[PDB]
Amino acid sequence: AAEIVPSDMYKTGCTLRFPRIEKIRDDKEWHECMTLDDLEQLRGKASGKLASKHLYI
DNA sequence: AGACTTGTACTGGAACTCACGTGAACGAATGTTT
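Here the residues of each chain are numbered from 1 in the order the sequence is written, which can differ from the numbering of the entry; residues without coordinates are not included. As they are written, the chains are lettered A onward and the ligands numbered 1 onward, keeping that order. Reported quantities concern only the chains on display, which constitute a fraction of a larger assembly. In computing side-chain properties, one takes all heavy atoms of the structure into account and sets aside hydrogens as well as water.

(A) Region of the structure containing the overall build of chain A. Along its length, chain A carries one helix and two strands. Going along the chain from the N terminus, every DSSP run of H or I of four or more residues is numbered as a helix, and every run of E of two or more is numbered as a strand. Its helices and strands taken in sequence order, chain A reads β-β-α from the N to the C terminus. The C-alpha radius of gyration of chain A comes to 13 Å, more than 25% above the 10 Å expected for a compact globule of 57 residues. Any two residues whose heavy atoms approach within 4.5 Å at even a single point are treated as in contact. Counted over contacts in chain A with a minimum sequence separation of 6, partners at least 24 positions apart contribute 41%. For the charge count, each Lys or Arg is scored as positive and each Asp or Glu as negative, with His and the chain ends excluded. Charge positions are represented by NZ for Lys, CZ for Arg, CG for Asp and CD for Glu. Each charge class in chain A was averaged separately, 10 positive and 10 negative side chains, and the resulting centres sit 7 Å apart. Based on C-alpha atoms, the radius of gyration is set beside the globule rule, defined as 2.2 Å times the residue count to the power 0.38.

What follows is the structure, encoded as structure tokens:
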């Protein structure tokens, strides 16, 4: 997703911008899902934008 | 916005075919030897 933005249609209080599926993980169990704490940490890490680090070459 | 599906056009390689070249083999004539 491009970023995480506030919303009122979802329980987490936030929704993704431009979401798309990259892979249906057949190796991850259901209990390995993200947690609200991790989502809050990711949201606060870079002001909601999911692109933080710098391209290198 | 983004991602996939469908339609059009193009280019390169596979396959097939013909032309040309090279290699080996041979019956008959001629020359040489006995």
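(B) Molecular detail of the pattern of salt bridges. Each reported salt bridge corresponds to a side-chain nitrogen of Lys or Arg within 4 Å of a carboxyl oxygen of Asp or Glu. One pass over the structure, following the stated rule, counts four salt bridges. For the salt bridge of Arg17 with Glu3, the shortest nitrogen-to-oxygen distance reads 2.9 Å. Taken as a pair, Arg17 in strand 2 (residues 14–17) and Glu3 in strand 1 (residues 3–6) lie far apart in primary sequence, 14 residues in all. Taking relative accessible area as the criterion, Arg17 reaches 38% and is therefore assigned partly exposed. Overlapping salt bridges bring together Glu3, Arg17 and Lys49 as one network. Only protein chains enter the calculation, and the probe is 1.4 Å; a residue is then buried if its accessible area is under 20% of its type maximum, exposed if over 50%, and partly exposed in between.

(C) Layout of the environment of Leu42. By the element assignment, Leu42 lies in helix 1 (residues 36–45). A relative accessible area of 32% means that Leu42 is categorised as partly exposed. Put simply, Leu42 and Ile4 are 38 residues apart on the chain and 8.9 Å apart in space, counted from C-alpha to C-alpha. Excluding anything up to four places from it in sequence, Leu42 contacts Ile4 and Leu50.

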